[PDB]
Every structure is written in C-alpha cells, then in structure tokens.
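Summary of structural features
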Amino acid sequence: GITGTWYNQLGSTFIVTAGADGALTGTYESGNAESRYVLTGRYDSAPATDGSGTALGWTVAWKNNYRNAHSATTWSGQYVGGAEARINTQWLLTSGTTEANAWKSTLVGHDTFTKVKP
Amino acid sequence: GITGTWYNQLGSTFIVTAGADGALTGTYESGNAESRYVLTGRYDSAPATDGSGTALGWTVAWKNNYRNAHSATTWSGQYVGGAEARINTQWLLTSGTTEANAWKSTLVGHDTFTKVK
Amino acid sequence: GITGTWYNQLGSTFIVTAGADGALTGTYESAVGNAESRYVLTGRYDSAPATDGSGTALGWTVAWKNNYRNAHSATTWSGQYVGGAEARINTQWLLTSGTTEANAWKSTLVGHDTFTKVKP
Amino acid sequence: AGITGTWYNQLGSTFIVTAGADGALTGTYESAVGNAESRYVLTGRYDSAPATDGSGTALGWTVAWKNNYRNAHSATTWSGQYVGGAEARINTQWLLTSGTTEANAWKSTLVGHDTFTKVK
Ligand SMILES: COC(=O)c1cncc(-c2cc3c(=O)[nH]ccc3o2)c1
Ligand SMILES: COC(=O)c1cncc(-c2cc3c(=O)[nH]ccc3o2)c1
Ligand SMILES: COC(=O)c1cncc(-c2cc3c(=O)[nH]ccc3o2)c1
Ligand SMILES: COC(=O)c1cncc(-c2cc3c(=O)[nH]ccc3o2)c1
C-alpha cells in the first residue's frame, strides 16, 4: 500500500506510514541528515473498489534543526497500486513574503513517486 | 497567531492548533458532525520578523464516519498577522480516479481565511 | 461584454477585444515583475456561452517580450467572464520562465487575478 | 525557433502550430484521428528572442472548446517551455476552466500537465 519508501523523479526520498486513522506521517528528503524534514498528511483509508486510485495529500514545512527556507510544499495526488505502484501528485510551494511580493509567492509542479530510485 | 477558529469566503470553518513542534492539527467543516473532517499539516515555527508571512499547509481527506468523497484537498499558503489577520491559500483537490480519467482528477482554486466570519 | 478595458487587483491594465470568431486580442500592462509598458496578448473565448446563468470561459497568453524588455517568460490566464452590474473576469494563472533542465522544477508560478471594468 | 510544426502529447492529442516572427502562435488542436469534429482553433504567444545560455523558450496558448460542431463551454491554457534538440519537447502545465454559475465557481478549474514531442 502507501506505507513504505518512495522516490520522486528527481531523487527525493519520501518515507511514509499510512496509519489506520487516515494519517500520513514520516520524513521527506529533498541525501544527508540535514536535508530531512517532517511531513504530515491524510489519505482515504477506505478507497473505492472500482479500480480507482486512493486520494491523499501531505505537507512539508522547510524548517529543520539545520535550515529554514521560510516556505512549505503541499503534494496532492493519488496512489495507484499494481505491479509497479505509483503515487502521482501535483504540488504547491508557498514562501513567506511581504504583501507586495505575495503575487509571486507560490510555485507549482508535478512529482511522480515509485518504490525504485530513478 | 495561527491557533484558533478561521472562516473562509464560502462559509467553511477551519479549527486549528499550531503546536510548538510545527504541527497543525484540527478539524475542517462546511455545522454537524456529518460535515466535519480531520486535518493535519505543518507550519514554519520560526518565521522571519521582517513583515513576511508565515508559510504553512494542511490536508483534508474527505472521509469521516458518515461520508466519503474519495478525494483530498491540500491548502498551501501563508498566515499574515495584524489587525485584520488572514490566511491566504491556494488549493489542490485530487479525486481517486481510474487511469483513463486521471487527466481530470485535480481541481485548483484559492481560499482566504479570516478570524471573523 | 468582454471587449473593454479591465484592471486587476494589483493595478495591471488589460485592454481586450472579443471578436465574433472567438478571438481575444489586445494589450496587457503589468504593475509587477520584470515588465514595462504594453505587451501583446492573444487568446480565445467561448463565443456562444450557455444560457443557464453560467459565465463565459476564456483564456489568453502574454509573452513578456516587447521593444523595451524581455523577461524570458510567459503568463497564461484561464478563467470566466461573469456579467452583471459589477462585471468581472475571474482567473487563475500560470507564469512559466525559460530555464535550464536542472532549474525546470521551479520554472512555474501560480496565482489568481480578478478583473473589473472599474479600477480598484 | 524549432516550434513550427506538428506536436503530439502523451494521450493522443495533436496540434499543428506556426510560430510567427513576431511571437505569435497560431494553429489547430485536435485528436489523433483528426476528424473535423475534434479540431479547434489555438492561439498564443512565445518568446521570439530566447536566452542563449541553454534555457528553454517560454510560451503559452489557449484553446476554447467550441468549434462548428460542438461546444463544451470551457477553455484550456497551456503554459510551458520549448526545449530543442534531437529529442525536442514542449513541457507544459495547463488550466481548464469551465463556464459555471457562481455557486459552482469554486470547482470550475482543472489543473494538469502535458508533454509534447515531434513523434507520435
Ligand atoms: C534546503 O531546502 C530544501 O531542501 C527545499 C527548499 N524549498 C523547497 C524544496 C522542495 C523539494 C520539493 C520536491 O521534492 N517536490 C516539490 C517541491 C519541492 O520543494 C526543498
Ligand atoms: C461531502 O463532501 C464534502 O464535504 C467535500 C467534498 N469534496 C471537496 C470538498 C471541499 C471543500 C473545500 C474547501 O473549503 N476549499 C477547497 C477545496 C474544498 O473541497 C468538500
Ligand atoms: C517570473 O515572472 C516574470 O518574469 C514576469 C515579468 N513581467 C510580468 C510578469 C507578470 C505580471 C502578471 C500579472 O499581472 N498577473 C499574473 C502574472 C503576472 O506576471 C511576470
Ligand atoms: C473534443 O474535446 C473536448 O470536447 C474537450 C473538452 N474539454 C477539454 C478538453 C481537453 C483536451 C485537453 C488536452 O489535450 N490537454 C489538457 C487539457 C485538455 O482539455 C477537450
């Protein structure tokens, strides 16, 4: 299922546990200790039984004991099981800004995760 | 300044606690238990003190003990303090779909939250 | 109707003509970013919208190059026109810069602009 | 510029575009089979003087989903960059806005990504 270690297309490492209560918990590394960050999120713990994927999302605030970028990324997507399981996401990365700079505060993109290094 | 009850522009209520460890926890509703959902997220617990906002994000999966939309929303944004404090966000709402329908799986929008409804 | 001069919430000026064939043409002047004076825009709109109270779907693009500056970037606005006593165009936008492959992951900004014929 | 010609996305769609000397994109967006009912006008803009440091070329375009045969009351904008070479690509993110009532406007806009190649 969702619980496990995943890698995006750029080599980031997503170590996640999907709990019985719909919770996602774990760590995100965008490969050393000072690049590891806490993540939390939620997933559909009772997905449809018609072949559909499992909706999920999570957040990382880019502060740890070593760095603080004053920013946070959310990933929104779905887990697709099968022979090569995949989590397909789109993401929003918002930085803290002044009001005058808020129009350019948010980047957008897409990440795909597999259980194998790219 | 984040902990408390917040209201978006469409009548939803966002009840959140910002913990010392950077955690966001709480509930999201659009007023009975049937419409209330768990949320979890993260925020910058050491923001700049130069007028910049506080970056944050959270997720709701749209399942509770009564309903399940097989979907989840993530909000990404910043808290802005002051006399009219706000949480300004953009959001992504992904539904569980088949592969053939995955191209249309994700809605995008924006929500602004205030401390008074 | 869509044809007219519009302003967003940040002071940008959007001067547009909606042609009978579905074409949007005109100029955009931005109050933010690496921008000066007017830039060409082109786009499309639904020339036969639904009659059930729905807005009119539309979109347009500005490449941020003119005779004065070139930011090596382009914005697309996607949205709908909503008529009424306070006519409005509500949009969400994507702004992509030309980048190297190593920097492409952070090539695209996203936001939302609302346009009115009265300048806020 | 390398942009003019026929491009194919990952899901069976095709577009033929001309990149004008002035920065104009004009052409037609269609399905793989190419029947008349699947063809729509496309219009956009690109950076006609891109950087020379290995960066991509920023561009965008719009298709309103109305033709002489059908009308979905919606429009898509693609925002992205062209990357040249033997394996040329246009890498995009897109926004698809439908005309809606105010009460349904919150769910009016879909978001995704498309990659285009010169080979089907
Ligand atoms: C030291 O700073 C960081 O590691 C850092 C800062 N700011 C953003 C990101 C990051 C990583 C990442 C990703 O894997 N997918 C989508 C977005 C995204 O953003 C990482
Ligand atoms: C019964 O189903 C629901 O309550 C439900 C289902 N699917 C989505 C949403 C919802 C609410 C909401 C919001 O306040 N801001 C952004 C997105 C968003 O999505 C609610
Ligand atoms: C990275 O951004 C640029 O290079 C840039 C240059 N010049 C103008 C703009 C600009 C202006 C503008 C607006 O009014 N609404 C939405 C997006 C947007 O982007 C962006
Ligand atoms: C015949 O086609 C339609 O009626 C139609 C209606 N509504 C949307 C689309 C469409 C096609 C398409 C795409 O190739 N990439 C991204 C978005 C996208 O949207 C097509």
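Residues numbered from 1 in each chain as written, not as in the entry; some residues may be left out. Chains lettered and ligands numbered in written order. Heavy atoms only, no water.

If you check the header, you'll see the entry was determined by X-ray crystallography and the resolution is listed as 1.48 Å.

Labelled according to the PDB entry, chain B appears under the name Streptavidin, originating from Streptomyces avidinii. According to its PDB record, this entry is titled "X-ray crystal structure of ALiS4-Streptavidine complex without cryo-protectant using a high-pressure cryocooling method". Among the UniProt annotations of chain B, the heading Subcellular location holds the following wording: "Secreted". Under the Sequence similarities heading, UniProt states for chain B: "Belongs to the avidin/streptavidin family." (UniProt positions renumbered as here; feature names shortened; annotations may be inferred.)

The PDB entry annotates chain A as Streptavidin originating from Streptomyces avidinii. Of chain A, the UniProt comment under Subunit reads exactly: "Homotetramer." Within the UniProt record for chain A, the comment given under Sequence similarities is "Belongs to the avidin/streptavidin family."

A word on the interface of chain C and chain D. Facing the 44 residues of chain C at the interface are 42 residues of chain D. Linking chain C with chain D are zero salt bridges, by the criterion used here. Between the two partners, chain C and chain D, sit 23 residue pairs in polar contact. Take the side of chain C that touches chain D: its biggest share by element is ten residues, from strand 6 (residues 70-82) of chain C. (Contact = heavy atoms within 4.5 Å. Salt bridge = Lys/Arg side-chain N within 4 Å of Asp/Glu carboxyl O. Polar contact = N/O pair within 3.5 Å; in protein donor to acceptor, adjacent residues only side chain to side chain. Helix = DSSP H or I, 4+ residues; strand = E, 2+ residues; numbered from the N terminus.)

As a further point, take the packing of aromatic side chains. All names here are of chain A. In this structure the tally under the stated criterion is 48 aromatic pairs over all chains. Seen in terms of ring centroids, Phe14 and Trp58 are 4.0 Å apart; in terms of plane orientation they differ by 10°. Their pairing is stacked. The pair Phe14 / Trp58 is uniform in exposure class, with both members buried. These aromatic residues form a ring-pair network of at least three members: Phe14, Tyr28, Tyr37, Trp58, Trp62, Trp75 and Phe113. (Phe/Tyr/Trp six-rings, centres within 6.5 Å; stacked < 30°, edge-to-face > 60°. Buried < 20%, exposed > 50% of the residue type's maximum accessible area, 1.4 Å probe, protein only.)

With that settled, consider the UniProt feature "binding site: biotin" in chain A. Here, the residues flagged by UniProt with the feature "binding site: biotin" are A:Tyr28, A:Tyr37, A:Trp75, A:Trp91 and A:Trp103. Residue position: A:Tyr28 is located in strand 3 (residues 23-29). Its relative accessible area of 2% is what places A:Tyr28 among the buried residues. A polar atom in the side chain of A:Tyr28 sits 3.4 Å from the side chain of A:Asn8. Its place among the elements puts A:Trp75 in strand 6 (residues 68-80). Accessibility expressed as a relative area gives 3% for A:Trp75, which makes it buried. Beyond its immediate stretch of four places on either side in the chain, A:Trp75 contacts A:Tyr28, A:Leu56, A:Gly57, A:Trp58, A:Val60, A:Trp62, A:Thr89, A:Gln90, A:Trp91, A:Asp111, A:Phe113 and B:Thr74.

Below, the discussion takes up the environment of A:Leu93. By the element assignment, A:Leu93 lies in strand 7 (residues 86-95). When its relative accessible area of 11% is taken as the criterion, A:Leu93 is described as buried. Residues A:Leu93 and A:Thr106 lie 13 residues apart in sequence; the distance between their C-alpha atoms is 5.3 Å. Apart from residues no more than four positions distant in its own chain, A:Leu93 is found in contact with A:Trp62, A:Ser71, A:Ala72, A:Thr73, A:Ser105, A:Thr106, A:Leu107, B:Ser76 and C:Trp105.

Look at the UniProt record and you will see "binding site: biotin" annotated at B:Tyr28, B:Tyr37, B:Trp75, B:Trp91 and B:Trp103. If you trace the backbone, B:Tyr28 turns up in strand 3 (residues 23-29). Following the sequence through the fold, B:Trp103 ends up in the loop between strand 7 (86-95) and strand 8 (106-114). Here B:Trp103 is in contact with D:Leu11, D:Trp94 and D:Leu96, once residues within four sequence places are set aside.

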